[PDB]
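Nothing in this text is a laboratory measurement; each read-out follows from the coordinates by a stated rule. Quick reminder, even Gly has a Cβ in these numbers, built from the backbone with ideal geometry, and neighbours come from all protein chains shown.
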Amino acid sequence: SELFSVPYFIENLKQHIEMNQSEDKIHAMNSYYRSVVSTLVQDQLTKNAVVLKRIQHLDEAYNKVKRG
Amino acid sequence: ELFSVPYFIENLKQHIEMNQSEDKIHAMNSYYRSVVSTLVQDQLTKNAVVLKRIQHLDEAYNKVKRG
């Protein structure tokens, strides 16, 4: 719900997995992960603390989705 | 030297070669995810420094991928 939050990334990670049925679930997650981090880290407008927190959110979303 | 671009380029290549179940691109993504996770768990390095390490990793990734 909240922009760039854990549930936000959990939702996106789940949908990305569902949209790529010709790739391994874990690999689809890592692809989405690399692309998101790359975009966030290239952001020269958002505060470092905010950008880092967003990556932390994505990371937690990844760990949660992986368990399920 | 640590967590620098050349550093990640070297380690990316080592994982790609040592890995026995993932091809080039898949190995890079798995290495990347695993490293960023660690770097993000860092609770004693300044946030600016942490991001800078992740930026170098991304730059190394982009270089090894197009190269």
- line: Placing +1 on each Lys and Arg Cβ and -1 on each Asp and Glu Cβ in the protein assembly as shown, then taking the dipole about the Cα centre, the residue among A:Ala28, A:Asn48, B:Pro6 whose Cα reaches farthest towards the positive end is A:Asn48
statement: Inter-chain shielding metric for B:57-65, i.e. average beta-carbon neighbours from other chains within 10 angstrom, reads 2
query: Under a point spin-label approximation (7 Å from Cα along Cα-to-Cβ), what is the B:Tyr7-A:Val50 distance to one decimal in nm?
result: 2.8
field: Table column - 3J(HN,Hα) (Hz), segment A:29-38, Karplus curve with 6.51, -1.76, 1.60, x for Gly and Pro
entry: 5, 5, 5, 4, 4, 4, 4, 6, 4, 4
task: Please sort by residue number the chymotrypsin sites (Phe, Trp or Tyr not before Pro) in chain B whose DSSP state is loop and whose Cβ has at most 15 other Cβ atoms within 10 Å.
output: none
- request: Please list the radius of gyration and Dmax for chain B, considering alpha-carbon atoms only, with Å as the unit.
  value: 11.9, 36
Hz values of 3J(HN,Hα) by residue in segment B:16-28 - Karplus curve (6.51, -1.76, 1.60), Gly and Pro given as x: 4, 6, 6, 5, 10, 10, 10, 7, 2, 4, 5, 4, 4
statement: Exposure proxy check on B:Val49, B:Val5: fewest-to-most Cβ neighbours within 10 Å is B:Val49, B:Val5
- prompt: Given only helices, namely DSSP H runs of n ≥ 4 each adding -39500 (n - 2.57), what is the per-residue ellipticity at 222 nm of the protein assembly as shown, to the nearest 500 deg cm²/dmol?
  reply: -25500 deg cm²/dmol
task: Would you list the P(r) distribution for the protein assembly as shown, with all Cα-Cα distances sorted into 10 Å bins from 0 and each bin expressed as a whole %?
output: 12, 43, 36, 9, 0
query: If you place +1 on the Cβ of every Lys and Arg and -1 on the Cβ of every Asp and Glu, how big does the dipole about the Cα centre of the protein assembly as shown come out, in debye to the nearest 20?
result: 200
- request: Report the relative contact order of chain B, percent, no decimals, based on alpha-carbon pairs under 8 angstrom and at least 6 residues apart.
  value: 51
message: Using the Cα centre of chain B as the reference point, and only Cβ charges (+1 on K/R, -1 on D/E), how large is the resulting charge dipole? Debye, rounded to the nearest 20.
response: 200
query: What trypsin sites (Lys or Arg not before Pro) in chain B are in a loop by DSSP, with at most 16 other Cβ atoms within 10 Å of the Cβ?
result: B:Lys46
task: Read phi for every residue in segment A:48-55 and hand back ³J(HN,Hα) as whole Hz from Karplus 6.51 cos²θ - 1.76 cosθ + 1.60, θ = phi - 60°, with x for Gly and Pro.
output: 3, 4, 6, 4, 5, 5, 5, 5
